[PDB]
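**Student:** Dumping the structure here so I can ask a few things about it.
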Amino acid sequence: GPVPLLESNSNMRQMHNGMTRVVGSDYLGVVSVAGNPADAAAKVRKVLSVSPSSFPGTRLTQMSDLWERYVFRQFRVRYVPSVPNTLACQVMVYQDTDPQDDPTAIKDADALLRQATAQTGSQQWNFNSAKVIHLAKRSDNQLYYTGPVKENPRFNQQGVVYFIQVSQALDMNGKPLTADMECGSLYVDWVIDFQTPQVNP
Amino acid sequence: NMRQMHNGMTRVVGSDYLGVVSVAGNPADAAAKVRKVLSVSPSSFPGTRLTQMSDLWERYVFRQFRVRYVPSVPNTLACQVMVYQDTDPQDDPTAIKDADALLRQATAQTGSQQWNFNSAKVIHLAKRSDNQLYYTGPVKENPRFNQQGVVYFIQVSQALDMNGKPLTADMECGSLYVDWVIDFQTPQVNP
Amino acid sequence: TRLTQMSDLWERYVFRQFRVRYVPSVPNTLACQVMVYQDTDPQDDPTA
Amino acid sequence: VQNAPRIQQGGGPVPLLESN
Amino acid sequence: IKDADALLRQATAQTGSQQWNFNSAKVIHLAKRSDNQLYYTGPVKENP
């Protein structure tokens, strides 16, 4: 047809609008638990941003820099224990859709634990066993920017994950644990939509 | 922990900058007339979006891979040049002792093209009926498990100025670009 | 295994299935946390 | 009457040993 | 055999084989032979 001929010597690279699903899973990190929490702010144990770009050296961050905007279709945190059943401690995790809250400002532990128990999708369990945790949906379906924070976090992150210690790390014989324990590790099972391709600084 | 398996192919579109091209005014070494050579493979370039994409899957196939030449020279200058995309990585053109056999071989390939470097051009790959998949990443043994082929930029004519005369020194003459489309399979990270 | 003896009687093969199944030897009074996977690229070598 | 989302308990027993 | 893996694999082969944790009881059977030969009693003499 005419088109291959017109193509033959005109510099027109095509535009490429459109979505792109990608699926994967990644290893986020190790998690510790102190024997004698008392700072109240110390009860929080592992905050995380819920953005593709925030976990260096993973497949997510590598892929994330190559586009412009993103939306998770599911973001499912998973926890794998590395502790003997004889030991005792209790733990909860919750995801929060609003990046600007920061629980830690509260001076009393009870209010932290109660705020955590509130909000849908929250989870608490013994730190001896595996569990799985979900995001809540947002009806509007906004796109979010990729990359490191610039001025306002709300343009970027869909949310924040909080890993919160409850009770105290505890030993056989029931003495409170000295120092720290490696406990377990966090994982992610994700699906994402990307929009317009690029590279960014 | 229902860690799930996936076996689908993932379509992806993009384009990237392959670099500068230059031309000597009076080639005579015959093997000097071949001018530039590039691997046709993901993960064979520094800093492109494509090489970064490359490491995150096991296998790939290009669906199109059109090289595009953009001139950077005034109309007063002129020379003829050729480009082609061999689909066999191990054929190696340089072994030929004669300029003529080189030009003939280079011309015989499908999709190879010839033009003045005054102006823009576009060039395609051949397709294959195997639907064979290629491994991503650097050669370990045999190019043939990796590369779909090799790209050659080859000079033909001398390099006349205005008033039809050769120029004393080689010079830059535009640059290469690549539009592309790819399928990937199983996700991973190469060691 | 019987299969490795069987295998020399033909030129070519394809697995349609290959389920590994780990079997514990240890009481719940111990822990290590372990992972397993099946790379499909025989040239790839983690050790490097 | 107006319901609010509920907590919903789960989990189960852990054996000293899994025979195989 | 000089290698442990081959021993364990030969053991796993053949019908009626059994593997388990050494903490618990198990029961194990013979395979039948269709011919039904008689066998001699007493200590070995020449051929087992």
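Ligands are numbered from 1 in the order shown, residues from 1 within each chain, and chains are lettered A, B, ... in the order they appear in the structure tokens.
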Sorted by chain and rising residue number, which residues of chain C lie within 12 Å of range 21-44 of chain E, and what are their closest atom pairs and distances in Å to one decimal, counting only C-alpha atoms, as CSV?

**Tutor:**
```
residue,atom,partner,partner_atom,distance
C:23,CA,E:21,CA,10.4
C:24,CA,E:21,CA,9.2
C:25,CA,E:21,CA,6.8
C:26,CA,E:21,CA,8.9
C:27,CA,E:21,CA,10.4
```

**Student:** Any idea what's packed within 8 Å of residue 170 in chain A, counting only C-alpha atoms, ignoring anything in its chain fewer than 4 positions away? Could you give it as a PyMOL selection string?

**Tutor:** chain A and resi 35+87-89+174-177

**Student:** Please tabulate, as a Markdown table, the residues of chain B that come within 6 Å of chain A, each with its closest pair of atoms and the distance in Å to one decimal, counting only C-alpha atoms and ordering rows by chain, then residue number upward.

**Tutor:**
```
| residue | atom | partner | partner_atom | distance |
| --- | --- | --- | --- | --- |
| B:120 | CA | A:9 | CA | 5.9 |
| B:121 | CA | A:9 | CA | 4.9 |
| B:122 | CA | A:8 | CA | 5.9 |
```

**Student:** Can you write out the residues you just picked, keeping N, CA, C and O atoms, as a JSON list (two decimals), in the first residue's frame?

**Tutor:**
```json
[["chain", "number", "residue", "atom", "x", "y", "z"],
["B", 120, "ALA", "N", 17.64, 11.13, 5.46],
["B", 120, "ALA", "CA", 17.18, 10.10, 6.38],
["B", 120, "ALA", "C", 16.81, 8.77, 5.72],
["B", 120, "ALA", "O", 16.41, 8.75, 4.57],
["B", 121, "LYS", "N", 16.93, 7.67, 6.47],
["B", 121, "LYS", "CA", 16.42, 6.36, 6.02],
["B", 121, "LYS", "C", 15.91, 5.44, 7.13],
["B", 121, "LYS", "O", 16.14, 5.69, 8.30],
["B", 122, "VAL", "N", 15.22, 4.38, 6.73],
["B", 122, "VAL", "CA", 14.65, 3.40, 7.65],
["B", 122, "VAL", "C", 14.85, 1.98, 7.12],
["B", 122, "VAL", "O", 14.70, 1.75, 5.93]]
```

**Student:** Any idea which chain D residues end up within 8 Å of chain C if we count only C-alpha atoms, as a PyMOL selection string please?

**Tutor:** chain D and resi 15-18+20

**Student:** Within 12 Å of chain A, which residues belong to chain D? Use only C-alpha atoms and report them as number ranges by chain.

**Tutor:** D: 4-17

**Student:** Please save C-alpha atoms of the selected residues as a PDB file, in the first residue's frame.

**Tutor:**
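Heads up, here's the output in again_7.pdb:
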```
ATOM      1  CA  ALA D   4     -19.892  -1.532  61.224  1.00  0.00           C
ATOM      2  CA  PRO D   5     -17.147  -3.782  59.857  1.00  0.00           C
ATOM      3  CA  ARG D   6     -16.179  -6.610  62.214  1.00  0.00           C
ATOM      4  CA  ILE D   7     -12.830  -8.141  63.131  1.00  0.00           C
ATOM      5  CA  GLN D   8     -13.365 -11.847  62.262  1.00  0.00           C
ATOM      6  CA  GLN D   9     -11.035 -14.230  64.114  1.00  0.00           C
ATOM      7  CA  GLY D  10      -9.034 -17.087  62.578  1.00  0.00           C
ATOM      8  CA  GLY D  11      -5.964 -19.306  62.955  1.00  0.00           C
ATOM      9  CA  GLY D  12      -5.464 -22.810  64.347  1.00  0.00           C
ATOM     10  CA  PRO D  13      -3.413 -25.341  66.416  1.00  0.00           C
ATOM     11  CA  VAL D  14       0.273 -26.156  65.901  1.00  0.00           C
ATOM     12  CA  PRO D  15       1.562 -29.756  66.433  1.00  0.00           C
ATOM     13  CA  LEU D  16       4.905 -30.502  68.119  1.00  0.00           C
ATOM     14  CA  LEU D  17       5.893 -32.514  65.062  1.00  0.00           C
TER      15      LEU D  17
END
```

**Student:** Counting only C-alpha atoms, collect the residues of chain A whose closest atom lies at most 10 Å from chain C, and write them out as a list in words.

**Tutor:**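 For chain A, the answer reads residues 80, 81, 82, 83, 84, 85, 86, 87, 184 and 185 of chain A.
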
**Student:** Select residues of chain B: the criterion is any atom within 12 Å of an atom of chain C, counting only C-alpha atoms; output as a list in words.

**Tutor:**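 In the required form, that comes to residues 3, 5, 57, 58, 59, 134, 135, 136, 137, 138, 139, 140, 141, 142, 145, 185, 186, 187, 188, 189, 190 and 191 of chain B.
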
**Student:** I need the chosen residues saved as a PDB file, in the first residue's frame, with C-alpha atoms.

**Tutor:**
```pdb
ATOM      1  CA  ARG B   3       2.715 -18.133  45.129  1.00  0.00           C
ATOM      2  CA  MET B   5       2.875 -19.331  38.272  1.00  0.00           C
ATOM      3  CA  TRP B  57      12.923 -11.856  31.728  1.00  0.00           C
ATOM      4  CA  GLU B  58      14.304 -15.171  30.413  1.00  0.00           C
ATOM      5  CA  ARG B  59      13.662 -14.936  26.688  1.00  0.00           C
ATOM      6  CA  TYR B 134      16.241 -16.160  22.285  1.00  0.00           C
ATOM      7  CA  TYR B 135      18.025 -15.963  25.624  1.00  0.00           C
ATOM      8  CA  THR B 136      18.573 -12.508  27.102  1.00  0.00           C
ATOM      9  CA  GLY B 137      21.926 -11.152  28.245  1.00  0.00           C
ATOM     10  CA  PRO B 138      25.649 -11.456  27.336  1.00  0.00           C
ATOM     11  CA  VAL B 139      27.213 -14.260  25.280  1.00  0.00           C
ATOM     12  CA  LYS B 140      28.403 -17.229  27.318  1.00  0.00           C
ATOM     13  CA  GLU B 141      28.915 -19.750  24.534  1.00  0.00           C
ATOM     14  CA  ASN B 142      27.724 -19.119  20.966  1.00  0.00           C
ATOM     15  CA  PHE B 145      21.598 -18.563  21.363  1.00  0.00           C
ATOM     16  CA  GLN B 185       8.568 -14.667  28.795  1.00  0.00           C
ATOM     17  CA  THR B 186       9.405 -15.750  32.300  1.00  0.00           C
ATOM     18  CA  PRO B 187      10.429 -12.998  34.771  1.00  0.00           C
ATOM     19  CA  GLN B 188      13.716 -13.160  36.631  1.00  0.00           C
ATOM     20  CA  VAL B 189      16.927 -11.295  37.251  1.00  0.00           C
ATOM     21  CA  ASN B 190      20.158 -12.289  35.505  1.00  0.00           C
ATOM     22  CA  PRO B 191      23.172 -12.995  37.753  1.00  0.00           C
TER      23      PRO B 191
END
```

**Student:** Tell me, as a ChimeraX atom specification, which residues lie within 9 Å of residue 98 in chain B, counting only C-alpha atoms; anything in the same chain fewer than 4 positions away does not count.

**Tutor:** /B:29-31,102-103

**Student:** Given the selection you just returned, output its residues as a file containing N, CA and C atoms, formatted as a compact mmCIF listing (two decimals), in the first residue's frame.

**Tutor:**
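Contents of selection-v7.txt, as written:
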```txt
# COMPACT_ATOMS: atom_id res chain seq x y z
N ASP B 29 41.58 0.09 2.40
CA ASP B 29 41.96 -1.14 3.08
C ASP B 29 40.94 -2.24 2.84
N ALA B 30 39.86 -1.89 2.15
CA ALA B 30 38.76 -2.81 1.83
C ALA B 30 38.01 -3.25 3.09
N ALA B 31 38.76 -3.65 4.11
CA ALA B 31 38.18 -3.95 5.40
C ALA B 31 37.95 -2.66 6.19
N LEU B 102 32.50 -7.72 -0.95
CA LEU B 102 31.89 -7.17 0.23
C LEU B 102 30.61 -6.44 -0.14
N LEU B 103 30.69 -5.58 -1.15
CA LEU B 103 29.51 -4.84 -1.57
C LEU B 103 28.43 -5.75 -2.13
```

**Student:** Please build the interface table for chain E against chain C with a cut-off of 9 Å, listing for each qualifying residue the nearest atom pair and the distance in Å to one decimal; count only C-alpha atoms, order rows by chain and increasing number, and write it as a tab-separated table.

**Tutor:**
```
residue	atom	partner	partner_atom	distance
E:6	CA	C:1	CA	8.2
E:9	CA	C:1	CA	6.1
E:10	CA	C:1	CA	6.8
E:12	CA	C:1	CA	8.5
E:13	CA	C:1	CA	6.8
E:20	CA	C:25	CA	8.9
E:21	CA	C:25	CA	6.8
```

**Student:** Between CA of residue 47 in chain A and CA of residue 193 in chain A, what distance in Å does the model show, to one decimal?

**Tutor:**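 Distance between the two atoms: 24.1 Å.
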
**Student:** Any idea what the distance is between CA of residue 116 in chain A and CA of residue 102 in chain A?

**Tutor:**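 So the two atoms, CA of residue 116 in chain A and CA of residue 102 in chain A, lie 11.7 Å apart.
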
**Student:** Suppose you want the space between CA of residue 97 in chain A and CA of residue 143 in chain A; what is it in Å?

**Tutor:** 14.1 Å

**Student:** Identify which of the residues E:46, E:19, E:11, E:3 lies closest to chain D, counting only C-alpha atoms when measuring atom-to-atom distances.

**Tutor:**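 Once distances to chain D are computed over only C-alpha atoms, the minimum belongs to E:19.
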
**Student:** DSSP on the backbone, then: every residue of chain E marked alpha helix (DSSP H), written as an MDAnalysis selection string.

**Tutor:** chainID E and resid 4:12
